């Protein structure tokens, strides 16, 4: 069975950038609900129920017809939130190989930040903005709802290995930012975990 993962930090660990109350609600309510609903849909599927969630979301076309949507949505939700928590941490710096690769692929760090900000702001409705590794090249993409680039292009409209991501569902920013998503996107730069991003970049897979 999937479980709600413990966070790598206290709920207030991202203050003053991301608010404590939201972190707690977002974790214990929204993420928990994806875990529960994914588990319910997987009970009848022993051949899928016990795989890692990040594996399952590469396999959606393997499922029975009637399970594809519910697991896209809920295994997507579990995978994405699991990545998100580990992809946040204060006191990191974009540097080393990852910084150089970003400069290579976008021309500069500021070009990459602007492209990411634009993608995050222009995702209408619910979704996620991502930095992905697509073949040799880093890229900025967005997905709808709980879709992940790991699901591939035909399902998610994006592809590549996620390096990091920003949740732009309203629940992620309502309490502190209300409708001001650009303000929330700016605060993300203060809490994106560049150490984990670098680790993921190094691994490539």
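Residue numbers count along the first chain shown, from 1.
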Task: Stretch with the greater mean C-alpha B-factor as recorded in the entry, comparing 94-102 against 116-124 - done: 94-102
- [ ] Would you determine, from the values in the PDB entry, which of 167-175 and 153-161 has the greater average C-alpha temperature factor?
- [x] 153-161
Task: Position of residue 26 among the chain's modelled residues by C-alpha B-factor, lowest, middle or highest third - done: lowest
TODO: Would you check the entry's CA temperature factor for residue 187 and let me know if it's in the chain's lowest, middle or highest third?
DONE: lowest
- [ ] Compare the C-alpha B factor of residue 109 with those of the other modelled residues in its chain, then answer lowest, middle or highest third.
- [x] middle
TODO: Would you please rank residue 136 by its C-alpha temperature factor against the other modelled residues of its chain and give the third it falls in: lowest, middle or highest?
DONE: highest
TODO: Select lowest, middle or highest to describe the third in which the CA B-factor of residue 53 falls within its chain in this entry.
DONE: middle
